[PDB]
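Report on one structure; see the data block that follows.
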Amino acid sequence: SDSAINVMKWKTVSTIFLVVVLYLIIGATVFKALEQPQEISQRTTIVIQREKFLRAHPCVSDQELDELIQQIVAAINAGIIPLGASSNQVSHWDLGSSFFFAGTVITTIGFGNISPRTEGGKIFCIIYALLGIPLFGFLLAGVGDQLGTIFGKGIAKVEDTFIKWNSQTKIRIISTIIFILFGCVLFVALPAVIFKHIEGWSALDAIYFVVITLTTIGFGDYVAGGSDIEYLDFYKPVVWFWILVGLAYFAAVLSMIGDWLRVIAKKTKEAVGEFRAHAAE
Amino acid sequence: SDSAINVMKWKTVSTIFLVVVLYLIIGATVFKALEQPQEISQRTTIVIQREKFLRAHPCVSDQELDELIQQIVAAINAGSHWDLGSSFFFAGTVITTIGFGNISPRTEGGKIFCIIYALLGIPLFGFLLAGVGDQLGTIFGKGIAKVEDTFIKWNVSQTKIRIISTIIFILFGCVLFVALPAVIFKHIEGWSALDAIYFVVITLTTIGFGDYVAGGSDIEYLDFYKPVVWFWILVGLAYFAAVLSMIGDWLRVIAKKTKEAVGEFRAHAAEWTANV
Ligand SMILES: CS(=O)(=O)Nc1ccc(C(=O)NCc2ccc(Cl)cc2Cl)cc1
Ligand SMILES: CS(=O)(=O)Nc1ccc(C(=O)NCc2ccc(Cl)cc2Cl)cc1
Ligand SMILES: CCCCCCCCCCCCCCCC
Ligand SMILES: CCCCCCCCCC
Ligand SMILES: CCCCCCCCCC
Ligand SMILES: CCCCCCCCCC
Ligand SMILES: CCCCCCCC
Ligand SMILES: CCCCCCCC
Ligand SMILES: [K+]
Ligand SMILES: [K+]
Ligand SMILES: [K+]
Ligand SMILES: [K+]
Ligand SMILES: [K+]
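Protein sequences, first through last, are from chains B and A. Residues 35 to 200, 202 to 316, numbered by PDB author numbering, are exactly what the first sequence covers, in order. Residues 35 to 113, 125 to 321, numbered by PDB author numbering, are exactly what the second sequence covers, in order.
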């Protein structure tokens, strides 16, 4: 029965779909709860700064001020810092920042602090992506395998010495804790400590950047290297290598959580089973 | 030899690594080629707009202008952005990992909630998107059951018709998932021809720069539009996941061919050299 299993699939997909829809509603409501306050409190305190310099210089047209701000905002997206005290500046598409940008594309982090304006760039980026993404996948699978058997040598020693009197399936719980623990050391903690001390970011700002970068949501609200500071150039290529491996590690993490959410479904599936079964005597 | 196979692994990974590294250098050089010009040409034509606004409105001092720019820069860090709908959008950007980032959490809590929202939401979404991939997958399977009987009872027959089935995937696919939505984005947002195709590939590859975001301007939006784009993403993502996988498998073959092509090149060479 080829279509009997497919009916059992749609009943699965539709149920999940509604879980996601609900999860989007939960997230939505929590975010507009978290962010509506700081929005209106910065919105109300920006029209203080507007009407302070609306009435301080009426000799400028006053309708043109909002035009001017839109002219500055539009040029900000090309990467400007327009100032009287500073008119000579770095490039956003230098030898290195374009190489960064290839990175943002093939990883699909896509920070977007750098985005192509040139019609050609867009078209080259389309084609650069569609081939580069699947390409990178192989590197990242390879680095996942390489890291995968690396940690396999770590547990071969640990699953023999901790073989005292009394199990197989229970030491599977202890191996996974040491993954997540030692993992979140080199790939979340240690790089966050370095970003904090190098970029100058907060404690959370650096952890947040790490999860945003290595999940590959990559907002761009934080980008490591993106200010003009100094940069030791021991720094820049370490972060490349961090991403390369960090991505691989998170791909496992997110898969692990994926498989956790398999079980927790099967458990709540069976837990609804027993809840329906007893049903008030 | 447990380490003889592992040396054959690292020789694979390292060779790929250098392909990617080289590919990054190729892309880099092409982008700085494409984009260095438009950078300096917009940089030089923005200090025209600066020094025009001293001369066209001397009312403003040179000193208050740098205050003004700092007032704009400070407001850039804020960006309603977090209404009923735009936060729901933002959950979408997170669990899909498109992450347009036109909306990003400023609140310490938002960041922490977003970390946790992502780590659980991403794997969750994966299942929906796998389900929609399966559903779409057997949908197109019914499309080729009809097409692999009418064209396989006459001319140039099978395993080469595997080439013709995959062209009709990519063709009919790029119709509902690249063309048709790009046509609608062009006419709704007001974007160019390329701008809409570019947004599509950027959104559905999930690079999601954010330089284009469908819904992200303050245009009047029909209550038909917003939830169509959701549904577009939901399916569009699935379709591209296949596409990018297909290209992935293409790059398997081309490697195996150049692997074997180096094999024969070394083989005739090394035996030519050896006779001496
Ligand atoms: C605004 S800027 O572009 O002009 N400044 C720079 C910004 C970032 C980098 C860089 O390479 N950072 C490490 C890195 C590597 C690969 C990937 Cl994929 C992502 C990241 Cl974050 C360099 C210059
Ligand atoms: C600058 S703004 O945020 O305040 N304005 C808006 C921006 C976007 C939307 C919206 O609903 N887009 C549809 C959508 C949904 C989910 C995903 Cl993953 C991608 C997309 Cl394109 C609405 C308002
Ligand atoms: C200061 C750093 C904040 C990070 C706090 C850790 C959050 C990680 C939670 C992992 C997801 C499990 C949520 C459990 C809800 C039942
Ligand atoms: C964050 C909560 C999302 C899932 C709802 C739980 C009920 C399970 C339905 C069987
Ligand atoms: C309108 C520009 C489209 C170009 C990219 C489409 C794929 C063809 C590249 C070989
Ligand atoms: C060792 C694998 C060589 C891979 C070559 C990739 C070809 C891309 C050409 C567009
Ligand atoms: C817009 C033209 C790009 C051509 C790329 C070819 C580089 C080998
Ligand atoms: C972009 C072309 C890469 C060619 C390298 C092939 C080495 C086997
Ligand atoms: K992204
Ligand atoms: K992004
Ligand atoms: K992504
Ligand atoms: K992906
Ligand atoms: K982005």
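Virtual Cβ for every residue (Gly too), placed ideally from N, Cα, C.
Query, Result
"Helix, strand or coil for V64/A per DSSP?", "helix"
"Following the continuous alpha helix (DSSP H) through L282/B, name the residue where it begins and the one where it ends.", "270-313"
"With a cut-off of 8 Å, do at least 3 Cβ pairs link the region 216-231 of chain B to the region 273-293 of chain B?", "yes"
"Answer yes or no: do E98/B and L239/A have a C-beta to C-beta separation smaller than 7 Å?", "no"
"With a cut-off of 8 Å, do at least 3 Cβ pairs link the region 146-160 of chain B to the region 297-305 of chain B?", "no"
"Under 7 Å, do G253/B and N147/B count as touching if we go by C-beta distance?", "no"
"Please list, in chain order, the residues of the region 173-199 of chain A that have any C-beta partner in chain B closer than 8 Å.", "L173, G176, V177, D179, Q180, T183"
"With a threshold of 7 Å between beta-carbons, can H232/A be considered close to chain B, or not?", "no"
"Quick check on the DSSP output: the alpha helix (DSSP H) that includes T138/B runs from which residue to which?", "129-140"
"Listed in chain order, which residues of the region 255-269 of chain B have Cβ atoms closer than 8 Å to some Cβ of chain A?", "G255, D256"
"Over what stretch of residues does the alpha helix (DSSP H) that includes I110/A continue unbroken?", "96-110"
"Between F230/A and the rest of its own chain, which residues show a CB-CB distance below 7 Å, the 5 nearest in sequence each way excluded?", "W236, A241, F244, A259"
"Along chain B, which residues have their Cβ under 7 Å away from the Cβ of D100/A?", "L117, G118, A119"
"Return helix, strand or coil for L221/B, following the three-state DSSP convention.", "helix"
"When you compare the CB positions of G293/B and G171/A, do they come within less than 7 Å of one another, or not?", "yes"
"Between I160/A and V288/B, how many whole angstroms is the CB-CB distance? I'm expecting something under 8 Å.", "Not quite, the Cβ-Cβ distance comes to about 12 Å (not below 8 Å), so this is no contact."
"To the nearest angstrom, report how far apart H126/A and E73/B are at their CA atoms.", "8 Å"
"I want to check one thing, is the minimum distance from the CB of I140/A to the heavy atoms of ligand 3 below 6 Å?", "no"
"DSSP three-state label for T248/B, please.", "helix"
"Establish whether the CB of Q203/B and some CB of chain A are separated by less than 7 Å.", "no"
"Is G261/B near ligand 13, going by C-beta to nearest heavy atom under 6 Å?", "no"
"So, helix, strand or coil for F196/B, using DSSP?", "coil"
"Which runs of the alpha helix (DSSP H) fall wholly inside the region 140-203 of chain A and span at least 4 residues, in chain order?", "153-195"
"Counting C-beta neighbours from all protein chains within 10 Å, is the total for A314/B 16 or more, i.e. buried, or is it exposed?", "exposed"
"Output the boundary residues of the alpha helix (DSSP H) element that contains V81/B.", "80-89"
"Please confirm whether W317/A has its beta-carbon closer than 7 Å to some beta-carbon of chain B.", "no"
"Give the residues of chain A in contact with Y57/B, contact being defined as C-beta atoms less than 8 Å apart.", "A136, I140, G166, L169"
"Roughly how many angstroms separate the alpha carbons of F135/A and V64/B, rounded to a whole number?", "11 Å"
"Just jot down, in chain order, the residues whose CB lies closer than 6 Å to any heavy atom of ligand 3.", "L239/B, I242/B, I157/A, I160/A, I161/A, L164/A, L165/A"
"Whole angstroms are fine: how far does the CA of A108/B sit from the CA of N122/B?", "20 Å"
"Could you pull out every residue in the same chain whose Cβ sits closer than 8 Å to the Cβ of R151/A, ignoring the five residues on either side in sequence?", "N111, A112"
"Is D96/A close to chain B, meaning its C-beta is less than 7 Å from at least one C-beta of that chain?", "yes"
"Measure the beta-carbon distance from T142/A to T251/B and round it to whole angstroms, keeping in mind my assumption that it falls under 8 Å.", "5 Å"
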